[PDB]
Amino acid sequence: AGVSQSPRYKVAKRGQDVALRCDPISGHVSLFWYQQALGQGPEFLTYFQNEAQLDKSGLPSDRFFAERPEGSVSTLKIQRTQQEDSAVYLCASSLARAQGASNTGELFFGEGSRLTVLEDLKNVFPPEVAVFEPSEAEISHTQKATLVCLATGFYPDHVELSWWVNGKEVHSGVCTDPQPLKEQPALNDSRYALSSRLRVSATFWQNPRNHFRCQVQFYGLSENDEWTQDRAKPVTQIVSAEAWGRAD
């Protein structure tokens, strides 16, 4: 019932071609493409009214080309991809001017397609995930238990960290770093580290039947990307770290 964008994350080698797909809400005639860089607002790229591309004043260069052949599904193609094309490509759809009762005239956005252009894919790495058990001093000082999760050595910054308690996702008592740390700030295209906390009541942590899991959803290479290194291909994968509750 929303706008879908695929792939969520895309790793591209400099000079290769990329395609970003948008599935707008059915019956919406307007389709929009936006480019969004770090710490900046979405910048207009192109506009479609059904199949006609009426406005393309925002397209950065000749390498940028968009299609919506049947007035529905749209594709944004970026040829001979450059490092400056690395951004979040947003897609939006709305349903014309004053079409229908209570029409708010709002833009419905997808979750975006983050593109990261790299010179060499040999630098792509999945994270290593570790869970650090609540301190015994914390439990006796506050009657609270903080679980710490560490996602390390991942490149690029294509991660989703989430906490799972007994197979169900938890959001309460959770804080993940809004941005990751460079493990080597004196190095370019250095690997990242990300931390998160899950704070529960000490009674909940002291139950040994309670299962805790830190999940890190990583986005790396696709099937089409060639891999000739002696290490496992850094594909889009989930890396987890689990822990049972500890009584005392």
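Residue positions are given as counts along the sequence shown, with the first one as 1.
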Residue range whose averaged C-alpha B-factor is higher in the record, 49 to 57 or 192 to 200
49 to 57
If you take the mean CA temperature factor per stretch, which one wins between 108 to 116 and 131 to 139?
131 to 139
Residue with maximal Cα B-factor (values as given in the PDB entry) among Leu221, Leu31, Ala186, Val216
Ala186
So where's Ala247 on the chain's Cα temperature factor ranking, which third?
highest
Compared with the other modelled residues in the chain, in which third is the CA B-factor of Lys10?
lowest
By the recorded C-alpha temperature factor, relative to the other modelled residues in its chain, which third is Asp62 in?
highest
B-factor third for the C-alpha atom of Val3 within its chain:
middle
How does the C-alpha B factor of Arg21 compare with the rest of the chain: lowest, middle or highest third?
lowest
